[PDB]
Every structure is written in C-alpha cells, then in structure tokens.
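Student: Take a look at this one; I'll ask things after.
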Amino acid sequence: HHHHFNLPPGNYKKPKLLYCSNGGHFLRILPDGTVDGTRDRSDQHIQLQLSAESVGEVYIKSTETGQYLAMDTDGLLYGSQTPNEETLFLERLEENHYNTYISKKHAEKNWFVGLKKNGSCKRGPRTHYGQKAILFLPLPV
C-alpha cells in the first residue's frame, strides 16, 4: 500500500451527492463526458451511485447517464462509458471526517479527485494530501 487504510462510515446502498467544502460545489459528470462542479442542487448530473470493487475501492457512476468517473494518464477527470482501470478510486476517511478519492491507477503519485474554489476540477499532479480541494462529504440525494 502507498496509502493508509482509515475508511469512512456510511455505505453504498443509495446514490449520493459528493459535496466539496473547498468551493461548495457538487461533483458533476456531464453527458458529453465533461467533469466539473456546480452549486446547483437541482442539477440532474450530480447524482452519483458509488459501488465497491474490493474493500476500500470504488466506482463512482452518474445515475443519470451511466458514465463512470475516471482520471486519465495526464490527471484529468472524465466520464468513461465503461469501467476500466482509470475508473477505480481508493475511498478513504480524511481529517477524521471527510471522504477522499485517490486514483487507484496513479496511487503512487497521490493523484486525487478534487474541485477548485471556482468549480473546475483539479488535475491529478496539482492535488496532494492536506488540500481543501480533495475533501468531500457524501450527501443524500
């Protein structure tokens, strides 16, 4: 392991909104595969269904479009039509409260799913432990 194994409570029984305390945006996967954040709770592309592959590993899927969150080779998030190795994330508890998601494929590089204050996604290499951008709270839909 390149990372700790403190896991968040909660489960995957129901879909969730992934709220980023950094700018106050919900993670969004647009039909065209674009990934970003929005403060509009009514948005139909922020409802996400998480599922576990192995303990602590998850897929994060758009309930509206069926797409999987993924991080590509240059650290950019995108919506993938199918589950590949870029769609698995290490879901961990952080600061004894939040949920963080590390790219499994690029786990050794500490690339996280993250949103900037302006609602744009962070590119993998620009994220790291200790940032506010990587902190999420799963909220009921």
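Starting from 1 in every chain, residues are counted up; chains themselves are A, B, ... following the order of the structure tokens, and ligands are numbered from 1 as listed.
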Env of segment 49-60 of chain A: 10 Å cut, atoms = only C-alpha atoms, seq-sep filter 4 positions within chain, self excluded. Answer as number ranges by chain.
Tutor: A: 5-8, 11-18, 64, 66-70, 79, 83-84, 86-92, 101-104
Student: Would you mind listing what lies within 9 Å of residue 23 of chain A as a list in words, with only C-alpha atoms counted and same-chain residues fewer than 4 positions away left out?
Tutor: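 Everything that qualifies: residues 37, 39, 115, 116, 117, 118, 119, 132 and 133 of chain A.
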Student: Can I get the selection written as a short mmCIF file (atom, residue, chain, number, x, y, z; two decimals), in the first residue's frame, with N, CA and C atoms?
Tutor:
data_model
loop_
_atom_site.label_atom_id
_atom_site.label_comp_id
_atom_site.auth_asym_id
_atom_site.auth_seq_id
_atom_site.Cartn_x
_atom_site.Cartn_y
_atom_site.Cartn_z
N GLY A 37 -17.73 21.04 -11.33
CA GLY A 37 -18.54 21.17 -10.13
C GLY A 37 -19.63 22.21 -10.32
N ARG A 39 -22.93 24.45 -8.03
CA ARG A 39 -23.60 24.69 -6.75
C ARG A 39 -25.10 24.49 -6.86
N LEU A 115 -11.88 19.45 -6.43
CA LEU A 115 -12.54 20.61 -7.08
C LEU A 115 -12.00 21.92 -6.55
N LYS A 116 -11.74 22.86 -7.45
CA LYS A 116 -11.22 24.17 -7.08
C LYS A 116 -12.36 25.06 -6.59
N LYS A 117 -12.00 26.18 -5.96
CA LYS A 117 -12.99 27.13 -5.46
C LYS A 117 -13.93 27.62 -6.56
N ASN A 118 -13.43 27.71 -7.79
CA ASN A 118 -14.26 28.16 -8.91
C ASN A 118 -15.09 27.07 -9.59
N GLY A 119 -15.07 25.87 -9.02
CA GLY A 119 -15.84 24.78 -9.58
C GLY A 119 -15.15 23.94 -10.65
N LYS A 132 -7.74 21.43 0.65
CA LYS A 132 -9.17 21.51 0.89
C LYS A 132 -9.89 20.96 -0.34
N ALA A 133 -9.28 21.10 -1.51
CA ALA A 133 -9.92 20.65 -2.76
C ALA A 133 -10.26 19.17 -2.81
#
Student: Using Å and a single decimal, report how far atom CA of residue 73 of chain A sits from atom CA of residue 114 of chain A.
Tutor: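 That distance, rounded to one decimal, is 15.9 Å.
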Student: I want to know what sits within 12 Å of residue 74 of chain A, based on only C-alpha atoms, with residues of the same chain fewer than 5 positions away left out; could you give that as a VMD selection string?
Tutor: chain A and resid 86 103 105 to 106 109 111 122 to 126
Student: What parts of segment 9-50 of chain A does DSSP call strand (DSSP E or B)? I'd like the answer as number ranges by chain.
Tutor: A: 16-20, 25-29, 35-38, 48-50
Student: Rank nothing, just name the residue among A:127, A:47, A:120, A:110 nearest to residue 3 of chain A, using only C-alpha atoms.
Tutor: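 Nearest candidate to residue 3 of chain A out of A:127, A:47, A:120, A:110: A:110.
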Student: One decimal, in Å: what's the spacing between atom CA of residue 85 of chain A and atom CA of residue 131 of chain A?
Tutor: 25.0 Å
Student: Mind checking which residues fall within 8 Å of residue 29 of chain A, counting only C-alpha atoms, ignoring those fewer than 5 positions away in the same chain, and posting them as a JSON list (two decimals) with N, CA and C atoms, in the first residue's frame?
Tutor:
[["chain", "number", "residue", "atom", "x", "y", "z"],
["A", 34, "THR", "N", -17.72, 15.62, -19.87],
["A", 34, "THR", "CA", -17.05, 16.69, -19.13],
["A", 34, "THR", "C", -17.24, 16.46, -17.63],
["A", 35, "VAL", "N", -16.24, 16.80, -16.82],
["A", 35, "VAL", "CA", -16.38, 16.65, -15.36],
["A", 35, "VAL", "C", -16.07, 18.00, -14.69],
["A", 36, "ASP", "N", -16.96, 18.45, -13.80],
["A", 36, "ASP", "CA", -16.71, 19.73, -13.11],
["A", 36, "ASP", "C", -17.53, 19.82, -11.84],
["A", 45, "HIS", "N", -27.13, 15.97, -13.14],
["A", 45, "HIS", "CA", -25.90, 15.22, -13.36],
["A", 45, "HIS", "C", -24.96, 15.16, -12.16],
["A", 46, "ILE", "N", -25.46, 15.48, -10.97],
["A", 46, "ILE", "CA", -24.63, 15.41, -9.77],
["A", 46, "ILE", "C", -25.02, 14.21, -8.92],
["A", 62, "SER", "N", -22.48, 8.09, -12.67],
["A", 62, "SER", "CA", -23.57, 9.04, -12.89],
["A", 62, "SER", "C", -24.86, 8.21, -12.97],
["A", 67, "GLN", "N", -22.38, 6.87, -16.90],
["A", 67, "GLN", "CA", -20.92, 7.03, -17.03],
["A", 67, "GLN", "C", -20.17, 6.86, -15.71],
["A", 69, "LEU", "N", -16.82, 7.91, -13.34],
["A", 69, "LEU", "CA", -15.80, 8.94, -13.16],
["A", 69, "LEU", "C", -14.48, 8.25, -13.48],
["A", 78, "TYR", "N", -12.63, 12.56, -16.33],
["A", 78, "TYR", "CA", -13.53, 12.45, -17.47],
["A", 78, "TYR", "C", -14.57, 11.38, -17.22],
["A", 79, "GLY", "N", -15.64, 11.41, -18.02],
["A", 79, "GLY", "CA", -16.69, 10.41, -17.88],
["A", 79, "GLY", "C", -16.43, 9.26, -18.83]]
Student: Can you work out the spacing between atom CA of residue 80 of chain A and atom CA of residue 130 of chain A in Å, to one decimal?
Tutor: 27.9 Å
Student: Would you return as a PyMOL selection string the members of chain A that DSSP assigns to helix (DSSP H, G or I) on this structure's backbone?
Tutor: chain A and resi 85-87+107-109+124-126
